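Structure file query-v1.cif; described as mmCIF, C-alpha atoms and all ligand atoms.
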```
data_input
#
loop_
_atom_site.label_atom_id
_atom_site.label_comp_id
_atom_site.auth_asym_id
_atom_site.auth_seq_id
_atom_site.Cartn_x
_atom_site.Cartn_y
_atom_site.Cartn_z
CA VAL A 3 -40.21 59.67 59.92
CA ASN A 4 -36.42 60.01 60.17
CA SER A 5 -33.43 59.65 57.83
CA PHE A 6 -32.03 56.34 59.13
CA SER A 7 -31.80 53.75 56.35
CA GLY A 8 -31.26 50.01 55.94
CA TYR A 9 -32.01 48.96 59.53
CA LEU A 10 -33.68 45.74 60.60
CA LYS A 11 -36.55 46.35 63.04
CA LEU A 12 -36.21 44.24 66.18
CA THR A 13 -39.05 45.71 68.28
CA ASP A 14 -41.40 48.68 68.37
CA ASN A 15 -38.45 50.99 69.13
CA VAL A 16 -35.14 49.10 68.58
CA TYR A 17 -33.45 48.83 65.16
CA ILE A 18 -30.10 47.29 64.13
CA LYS A 19 -27.65 47.47 61.21
CA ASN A 20 -24.16 46.26 60.31
CA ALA A 21 -22.43 49.63 60.05
CA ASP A 22 -19.48 51.77 61.11
CA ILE A 23 -20.98 54.23 63.60
CA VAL A 24 -18.53 56.94 62.47
CA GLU A 25 -19.64 56.73 58.84
CA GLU A 26 -23.29 56.45 59.89
CA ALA A 27 -23.06 59.58 62.02
CA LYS A 28 -21.44 61.63 59.25
CA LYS A 29 -24.28 60.65 56.89
CA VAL A 30 -27.31 61.13 59.15
CA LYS A 31 -26.04 63.91 61.45
CA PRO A 32 -28.39 62.62 64.16
CA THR A 33 -29.55 64.71 67.08
CA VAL A 34 -27.72 62.31 69.43
CA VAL A 35 -24.84 59.91 68.84
CA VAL A 36 -23.92 57.70 71.79
CA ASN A 37 -20.27 57.19 72.69
CA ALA A 38 -19.00 54.05 74.44
CA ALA A 39 -17.21 56.15 77.06
CA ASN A 40 -15.13 55.40 80.14
CA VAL A 41 -15.41 57.34 83.40
CA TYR A 42 -12.39 59.52 82.51
CA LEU A 43 -13.67 60.32 79.00
CA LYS A 44 -10.30 59.13 77.66
CA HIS A 45 -11.26 58.28 74.09
CA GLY A 46 -8.40 56.00 73.14
CA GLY A 47 -9.86 52.99 71.36
CA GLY A 48 -12.99 51.15 70.35
CA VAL A 49 -15.95 53.30 69.37
CA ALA A 50 -14.68 56.21 71.50
CA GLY A 51 -11.30 56.29 69.78
CA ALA A 52 -13.00 56.18 66.37
CA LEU A 53 -15.51 58.95 67.14
CA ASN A 54 -12.82 61.15 68.65
CA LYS A 55 -10.51 60.64 65.66
CA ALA A 56 -13.35 61.68 63.35
CA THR A 57 -13.64 64.97 65.31
CA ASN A 58 -9.92 65.69 64.83
CA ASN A 59 -9.48 65.31 68.65
CA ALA A 60 -11.99 68.09 69.43
CA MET A 61 -14.08 65.56 71.39
CA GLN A 62 -11.06 64.79 73.60
CA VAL A 63 -10.27 68.49 74.17
CA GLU A 64 -13.87 69.17 75.22
CA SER A 65 -13.90 66.04 77.38
CA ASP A 66 -10.71 66.99 79.23
CA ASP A 67 -12.28 70.33 80.19
CA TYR A 68 -15.44 68.51 81.32
CA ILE A 69 -13.45 66.19 83.61
CA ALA A 70 -11.30 69.02 84.98
CA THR A 71 -14.50 70.80 86.05
CA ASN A 72 -16.73 67.91 87.11
CA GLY A 73 -14.56 64.89 87.86
CA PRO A 74 -15.12 61.39 86.50
CA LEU A 75 -18.46 59.93 85.54
CA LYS A 76 -19.98 56.94 87.34
CA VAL A 77 -20.03 53.50 85.76
CA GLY A 78 -23.59 53.35 84.47
CA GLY A 79 -23.70 57.14 84.11
CA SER A 80 -23.53 59.62 81.27
CA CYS A 81 -23.05 63.21 80.22
CA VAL A 82 -24.21 65.24 77.22
CA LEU A 83 -21.47 67.05 75.29
CA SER A 84 -21.14 68.41 71.77
CA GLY A 85 -21.54 66.13 68.78
CA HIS A 86 -18.95 68.22 66.89
CA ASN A 87 -19.07 67.42 63.15
CA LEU A 88 -20.87 64.10 63.74
CA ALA A 89 -24.17 64.97 65.46
CA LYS A 90 -25.82 67.78 67.37
CA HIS A 91 -24.97 66.14 70.71
CA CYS A 92 -22.87 63.24 71.93
CA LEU A 93 -24.26 61.25 74.86
CA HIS A 94 -21.18 59.74 76.54
CA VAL A 95 -22.43 56.59 78.32
CA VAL A 96 -20.26 54.41 80.56
CA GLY A 97 -21.17 50.75 80.42
CA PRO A 98 -19.46 48.39 82.86
CA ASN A 99 -16.09 47.12 81.62
CA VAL A 100 -15.89 43.39 82.27
CA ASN A 101 -12.11 43.54 81.70
CA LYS A 102 -11.93 45.90 84.71
CA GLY A 103 -14.09 43.66 86.93
CA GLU A 104 -17.02 46.08 86.76
CA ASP A 105 -20.48 44.80 87.64
CA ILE A 106 -22.34 43.70 84.49
CA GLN A 107 -25.61 44.50 86.31
CA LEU A 108 -24.68 48.16 85.73
CA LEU A 109 -25.38 47.63 82.02
CA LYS A 110 -29.11 48.21 82.58
CA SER A 111 -28.35 51.49 84.39
CA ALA A 112 -26.14 52.52 81.45
CA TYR A 113 -28.93 51.91 78.92
CA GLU A 114 -31.44 53.85 81.06
CA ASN A 115 -29.58 57.02 80.05
CA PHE A 116 -30.91 56.52 76.50
CA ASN A 117 -34.49 57.11 77.74
CA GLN A 118 -33.72 60.82 78.20
CA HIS A 119 -33.51 61.22 74.39
CA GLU A 120 -36.31 60.59 71.90
CA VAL A 121 -34.03 59.22 69.13
CA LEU A 122 -30.40 58.02 69.25
CA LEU A 123 -27.72 56.37 67.14
CA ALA A 124 -25.78 54.02 69.38
CA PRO A 125 -23.39 51.07 69.77
CA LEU A 126 -24.01 48.04 71.92
CA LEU A 127 -22.84 49.09 75.38
CA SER A 128 -20.10 47.05 77.07
CA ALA A 129 -19.50 45.14 73.79
CA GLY A 130 -16.28 45.05 71.78
CA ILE A 131 -13.18 45.86 73.81
CA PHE A 132 -15.37 46.37 76.90
CA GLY A 133 -15.53 42.56 77.04
CA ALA A 134 -19.22 41.74 77.56
CA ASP A 135 -21.31 39.37 75.45
CA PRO A 136 -22.90 41.50 72.67
CA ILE A 137 -25.94 39.20 72.53
CA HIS A 138 -26.52 40.04 76.20
CA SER A 139 -25.97 43.75 75.52
CA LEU A 140 -28.68 43.61 72.85
CA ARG A 141 -31.15 41.90 75.18
CA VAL A 142 -30.63 44.49 77.92
CA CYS A 143 -31.00 47.27 75.34
CA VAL A 144 -34.33 45.96 74.06
CA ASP A 145 -35.63 45.37 77.60
CA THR A 146 -34.50 48.79 78.93
CA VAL A 147 -34.63 51.44 76.21
CA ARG A 148 -38.11 52.76 75.42
CA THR A 149 -37.08 55.60 73.11
CA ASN A 150 -36.12 55.05 69.46
CA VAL A 151 -32.64 53.57 69.19
CA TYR A 152 -30.66 52.70 66.05
CA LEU A 153 -27.88 50.22 66.84
CA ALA A 154 -24.75 50.16 64.66
CA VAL A 155 -22.72 47.58 64.52
CA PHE A 156 -19.67 47.82 62.28
CA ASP A 157 -18.40 44.24 62.64
CA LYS A 158 -20.11 42.11 60.00
CA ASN A 159 -19.73 38.78 61.78
CA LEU A 160 -21.12 40.34 64.96
CA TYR A 161 -24.27 41.35 63.39
CA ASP A 162 -25.48 38.22 61.60
CA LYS A 163 -25.14 36.30 64.87
CA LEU A 164 -27.05 38.98 66.79
CA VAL A 165 -29.90 38.92 64.27
CA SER A 166 -30.08 35.13 63.95
CA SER A 167 -30.12 34.61 67.73
CA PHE A 168 -32.54 37.42 68.59
CA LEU A 169 -35.64 36.33 70.46
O1 LIG B 201 -21.64 48.50 68.31
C1 LIG B 201 -20.59 47.59 68.57
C2 LIG B 201 -19.28 48.33 69.13
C3 LIG B 201 -18.40 47.29 69.89
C4 LIG B 201 -17.34 46.87 68.87
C5 LIG B 201 -17.09 48.19 68.12
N1 LIG B 201 -18.40 48.84 68.02
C6 LIG B 201 -18.70 49.75 66.99
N2 LIG B 201 -20.00 49.92 66.65
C7 LIG B 201 -20.31 50.80 65.64
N3 LIG B 201 -19.48 51.54 64.93
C8 LIG B 201 -18.16 51.36 65.30
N4 LIG B 201 -17.15 52.08 64.65
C9 LIG B 201 -15.96 51.64 65.29
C10 LIG B 201 -16.26 50.71 66.25
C11 LIG B 201 -17.68 50.50 66.29
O2 LIG B 201 -17.80 45.91 67.95
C12 LIG B 201 -16.94 44.78 67.92
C13 LIG B 201 -15.69 45.30 68.60
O3 LIG B 201 -16.19 46.32 69.44
CL CL B 202 -16.16 50.13 71.93
#
```

Represent the structure contained in this file as structure tokens.
Ligand SMILES: OC[C@H]1CC2(CN1c1ncnc3[nH]ccc13)OCCO2
Ligand SMILES: [Cl-]
Amino acid sequence: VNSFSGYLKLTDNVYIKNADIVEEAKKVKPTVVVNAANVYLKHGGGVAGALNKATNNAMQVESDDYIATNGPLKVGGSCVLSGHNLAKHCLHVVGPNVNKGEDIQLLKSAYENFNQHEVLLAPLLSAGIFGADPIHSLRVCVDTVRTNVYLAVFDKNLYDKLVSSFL
């Protein structure tokens, strides 16, 4: 039993809700919140910009030190950093950006990072300003993640369509 509330159950392990991931994280304080990161951990917009803003830019400061030490992530890769005031940890995961020409096949690799954590709060990878079809992102999530994932989705219109079309 966990403290997540109001989610629709899609499969044995995948749940979904129309919600702002920032407000969800502040309420639940999950062990792991997933960020929709880029390889440079430059948290300017989308989910990343919103999460970073909620940390008063502490996420960006920590991220800049991470990159200075380790260099950029890989598309499809991830790193674990602090969750600051939002969660214990933040798993920064880089889905392929279709608007950068990046290979959508890498979306499965991106979701595989979730399997290293027993429970996560997460957005649909490569969705939103990353330019991929969110219905496709959901399908890859369900077919790749085996651990317990709670998908937020703040956009109301995006959610009803994802539910109604889910197979
Ligand atoms: O999960 C979906 C991703 C992708 C997105 C934004 N997303 C968010 N998900 C959850 N909480 C959020 N807070 C702020 C943004 C956001 O949806 C439509 C446009 O891009
Ligand atoms: Cl995003």

Show me, as a PyMOL selection string, the residues that have an atom within 7 Å of residue 88 of chain A when counting all atoms listed in the file, minus same-chain residues fewer than 2 positions from it. chain A and resi 27-28+31+85-86

For the atom pair atom CA of residue 77 of chain A and atom CA of residue 37 of chain A, what is the interatomic distance in Å to one decimal place? 13.6 Å

Please return as an MDAnalysis selection string the residues found within 12 Å of ligand CL 202 (chain B), counting only C-alpha atoms and all ligand atoms. chainID A and resid 22:24 36:40 45:54 94:99 124:134 136 154:157

What is the atom CA of residue 69 of chain A to atom CA of residue 42 of chain A distance in Å?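 These atoms are spaced 6.8 Å apart.
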
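Taking all atoms listed in the file into account, residue 142 of chain A lies nearest to A:108 out of the set A:100, A:18, A:108, A:123.
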
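The space separating atom CA of residue 144 of chain A from atom CA of residue 111 of chain A comes to 13.2 Å.
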
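Nearest residue to ligand LIG 201 (chain B), choosing from A:89, A:16, A:137, A:160 and counting all atoms listed in the file: A:160.
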
Pick the closest to ligand LIG 201 (chain B) from A:59, A:15, A:139, A:7: which is it, counting all atoms listed in the file?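 Of the candidates, the smallest distance to ligand LIG 201 (chain B) is held by A:139.
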
Check the smallest atom-to-atom distance from each of A:143, A:21, A:75, A:92 to residue 44 of chain A using all atoms listed in the file, then report the winner. A:75

Select, from A:161, A:78, A:58, A:19, the residue with the minimum atom-to-atom distance to residue 106 of chain A, counting all atoms listed in the file.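 Using all atoms listed in the file, residue 106 of chain A sits closest to A:78.
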
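The smallest atom-to-atom distance between ligand LIG 201 (chain B) and any of A:72, A:57, A:4, A:159, using only C-alpha atoms and all ligand atoms, is found for A:159.
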
Could you pull segment 42-79 of chain A out of the structure just shown and give N, CA and C atoms as a PDB file, in the first residue's frame?
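selection_31.pdb was written with the following content:
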```
ATOM      1  N   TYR A  42      21.837  17.509 -21.409  1.00  0.00           N
ATOM      2  CA  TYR A  42      22.604  18.547 -20.727  1.00  0.00           C
ATOM      3  C   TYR A  42      22.042  18.892 -19.357  1.00  0.00           C
ATOM      4  N   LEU A  43      20.943  18.245 -18.965  1.00  0.00           N
ATOM      5  CA  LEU A  43      20.220  18.585 -17.744  1.00  0.00           C
ATOM      6  C   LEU A  43      19.938  20.086 -17.656  1.00  0.00           C
ATOM      7  N   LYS A  44      19.574  20.690 -18.787  1.00  0.00           N
ATOM      8  CA  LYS A  44      19.171  22.097 -18.817  1.00  0.00           C
ATOM      9  C   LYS A  44      17.655  22.134 -18.695  1.00  0.00           C
ATOM     10  N   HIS A  45      17.175  22.484 -17.504  1.00  0.00           N
ATOM     11  CA  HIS A  45      15.765  22.313 -17.161  1.00  0.00           C
ATOM     12  C   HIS A  45      15.017  23.611 -17.451  1.00  0.00           C
ATOM     13  N   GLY A  46      14.749  23.842 -18.734  1.00  0.00           N
ATOM     14  CA  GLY A  46      14.221  25.125 -19.157  1.00  0.00           C
ATOM     15  C   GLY A  46      12.714  25.196 -19.304  1.00  0.00           C
ATOM     16  N   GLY A  47      12.090  24.092 -19.702  1.00  0.00           N
ATOM     17  CA  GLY A  47      10.684  24.090 -20.059  1.00  0.00           C
ATOM     18  C   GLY A  47      10.091  22.705 -19.900  1.00  0.00           C
ATOM     19  N   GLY A  48       8.812  22.589 -20.237  1.00  0.00           N
ATOM     20  CA  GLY A  48       8.114  21.336 -20.035  1.00  0.00           C
ATOM     21  C   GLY A  48       8.128  20.923 -18.576  1.00  0.00           C
ATOM     22  N   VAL A  49       8.081  19.606 -18.357  1.00  0.00           N
ATOM     23  CA  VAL A  49       8.120  19.064 -17.000  1.00  0.00           C
ATOM     24  C   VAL A  49       9.382  19.513 -16.272  1.00  0.00           C
ATOM     25  N   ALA A  50      10.532  19.443 -16.948  1.00  0.00           N
ATOM     26  CA  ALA A  50      11.809  19.797 -16.329  1.00  0.00           C
ATOM     27  C   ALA A  50      11.805  21.232 -15.824  1.00  0.00           C
ATOM     28  N   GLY A  51      11.345  22.168 -16.653  1.00  0.00           N
ATOM     29  CA  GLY A  51      11.277  23.547 -16.208  1.00  0.00           C
ATOM     30  C   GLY A  51      10.378  23.711 -14.999  1.00  0.00           C
ATOM     31  N   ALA A  52       9.254  22.986 -14.979  1.00  0.00           N
ATOM     32  CA  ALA A  52       8.314  23.081 -13.866  1.00  0.00           C
ATOM     33  C   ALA A  52       8.892  22.482 -12.584  1.00  0.00           C
ATOM     34  N   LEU A  53       9.494  21.294 -12.675  1.00  0.00           N
ATOM     35  CA  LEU A  53      10.107  20.704 -11.488  1.00  0.00           C
ATOM     36  C   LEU A  53      11.223  21.591 -10.958  1.00  0.00           C
ATOM     37  N   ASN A  54      12.072  22.096 -11.849  1.00  0.00           N
ATOM     38  CA  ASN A  54      13.187  22.909 -11.395  1.00  0.00           C
ATOM     39  C   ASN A  54      12.693  24.186 -10.718  1.00  0.00           C
ATOM     40  N   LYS A  55      11.683  24.836 -11.304  1.00  0.00           N
ATOM     41  CA  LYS A  55      11.118  26.041 -10.704  1.00  0.00           C
ATOM     42  C   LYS A  55      10.615  25.759  -9.296  1.00  0.00           C
ATOM     43  N   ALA A  56       9.971  24.607  -9.103  1.00  0.00           N
ATOM     44  CA  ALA A  56       9.450  24.237  -7.793  1.00  0.00           C
ATOM     45  C   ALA A  56      10.554  24.025  -6.760  1.00  0.00           C
ATOM     46  N   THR A  57      11.774  23.695  -7.193  1.00  0.00           N
ATOM     47  CA  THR A  57      12.930  23.585  -6.299  1.00  0.00           C
ATOM     48  C   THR A  57      13.677  24.903  -6.127  1.00  0.00           C
ATOM     49  N   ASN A  58      13.136  26.010  -6.633  1.00  0.00           N
ATOM     50  CA  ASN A  58      13.799  27.304  -6.497  1.00  0.00           C
ATOM     51  C   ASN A  58      15.168  27.293  -7.188  1.00  0.00           C
ATOM     52  N   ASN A  59      15.296  26.531  -8.277  1.00  0.00           N
ATOM     53  CA  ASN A  59      16.506  26.403  -9.101  1.00  0.00           C
ATOM     54  C   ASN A  59      17.575  25.510  -8.461  1.00  0.00           C
ATOM     55  N   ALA A  60      17.317  24.904  -7.304  1.00  0.00           N
ATOM     56  CA  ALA A  60      18.319  24.019  -6.719  1.00  0.00           C
ATOM     57  C   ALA A  60      18.579  22.802  -7.602  1.00  0.00           C
ATOM     58  N   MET A  61      17.550  22.301  -8.287  1.00  0.00           N
ATOM     59  CA  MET A  61      17.751  21.195  -9.220  1.00  0.00           C
ATOM     60  C   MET A  61      18.748  21.574 -10.314  1.00  0.00           C
ATOM     61  N   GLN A  62      18.622  22.783 -10.868  1.00  0.00           N
ATOM     62  CA  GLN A  62      19.548  23.219 -11.911  1.00  0.00           C
ATOM     63  C   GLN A  62      20.973  23.356 -11.382  1.00  0.00           C
ATOM     64  N   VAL A  63      21.140  23.924 -10.181  1.00  0.00           N
ATOM     65  CA  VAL A  63      22.476  24.085  -9.602  1.00  0.00           C
ATOM     66  C   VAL A  63      23.145  22.721  -9.430  1.00  0.00           C
ATOM     67  N   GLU A  64      22.410  21.760  -8.865  1.00  0.00           N
ATOM     68  CA  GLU A  64      22.938  20.411  -8.688  1.00  0.00           C
ATOM     69  C   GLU A  64      23.268  19.775 -10.031  1.00  0.00           C
ATOM     70  N   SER A  65      22.383  19.977 -11.010  1.00  0.00           N
ATOM     71  CA  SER A  65      22.564  19.399 -12.336  1.00  0.00           C
ATOM     72  C   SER A  65      23.800  19.955 -13.031  1.00  0.00           C
ATOM     73  N   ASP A  66      24.055  21.256 -12.886  1.00  0.00           N
ATOM     74  CA  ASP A  66      25.218  21.853 -13.536  1.00  0.00           C
ATOM     75  C   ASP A  66      26.511  21.263 -12.980  1.00  0.00           C
ATOM     76  N   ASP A  67      26.552  21.013 -11.673  1.00  0.00           N
ATOM     77  CA  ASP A  67      27.709  20.346 -11.086  1.00  0.00           C
ATOM     78  C   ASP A  67      27.838  18.913 -11.597  1.00  0.00           C
ATOM     79  N   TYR A  68      26.710  18.202 -11.728  1.00  0.00           N
ATOM     80  CA  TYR A  68      26.751  16.843 -12.270  1.00  0.00           C
ATOM     81  C   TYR A  68      27.364  16.821 -13.670  1.00  0.00           C
ATOM     82  N   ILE A  69      26.913  17.720 -14.551  1.00  0.00           N
ATOM     83  CA  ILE A  69      27.416  17.750 -15.924  1.00  0.00           C
ATOM     84  C   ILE A  69      28.886  18.162 -15.963  1.00  0.00           C
ATOM     85  N   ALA A  70      29.275  19.136 -15.140  1.00  0.00           N
ATOM     86  CA  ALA A  70      30.676  19.549 -15.118  1.00  0.00           C
ATOM     87  C   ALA A  70      31.595  18.394 -14.744  1.00  0.00           C
ATOM     88  N   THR A  71      31.119  17.481 -13.901  1.00  0.00           N
ATOM     89  CA  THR A  71      31.930  16.344 -13.478  1.00  0.00           C
ATOM     90  C   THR A  71      31.875  15.192 -14.472  1.00  0.00           C
ATOM     91  N   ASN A  72      30.679  14.890 -14.999  1.00  0.00           N
ATOM     92  CA  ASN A  72      30.427  13.642 -15.705  1.00  0.00           C
ATOM     93  C   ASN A  72      30.178  13.787 -17.193  1.00  0.00           C
ATOM     94  N   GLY A  73      29.918  14.992 -17.684  1.00  0.00           N
ATOM     95  CA  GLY A  73      29.536  15.174 -19.060  1.00  0.00           C
ATOM     96  C   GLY A  73      28.079  14.820 -19.285  1.00  0.00           C
ATOM     97  N   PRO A  74      27.616  15.012 -20.520  1.00  0.00           N
ATOM     98  CA  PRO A  74      26.198  14.806 -20.822  1.00  0.00           C
ATOM     99  C   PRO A  74      25.764  13.355 -20.676  1.00  0.00           C
ATOM    100  N   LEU A  75      24.470  13.189 -20.416  1.00  0.00           N
ATOM    101  CA  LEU A  75      23.856  11.874 -20.485  1.00  0.00           C
ATOM    102  C   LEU A  75      23.751  11.426 -21.941  1.00  0.00           C
ATOM    103  N   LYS A  76      23.391  10.151 -22.119  1.00  0.00           N
ATOM    104  CA  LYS A  76      23.000   9.587 -23.407  1.00  0.00           C
ATOM    105  C   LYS A  76      21.491   9.736 -23.599  1.00  0.00           C
ATOM    106  N   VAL A  77      21.057   9.940 -24.848  1.00  0.00           N
ATOM    107  CA  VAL A  77      19.636   9.780 -25.141  1.00  0.00           C
ATOM    108  C   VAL A  77      19.258   8.337 -24.846  1.00  0.00           C
ATOM    109  N   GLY A  78      18.200   8.148 -24.059  1.00  0.00           N
ATOM    110  CA  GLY A  78      17.830   6.849 -23.535  1.00  0.00           C
ATOM    111  C   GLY A  78      18.394   6.557 -22.161  1.00  0.00           C
ATOM    112  N   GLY A  79      19.288   7.405 -21.652  1.00  0.00           N
ATOM    113  CA  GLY A  79      19.935   7.187 -20.378  1.00  0.00           C
ATOM    114  C   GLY A  79      19.316   7.988 -19.246  1.00  0.00           C
TER     115      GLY A  79
END
```
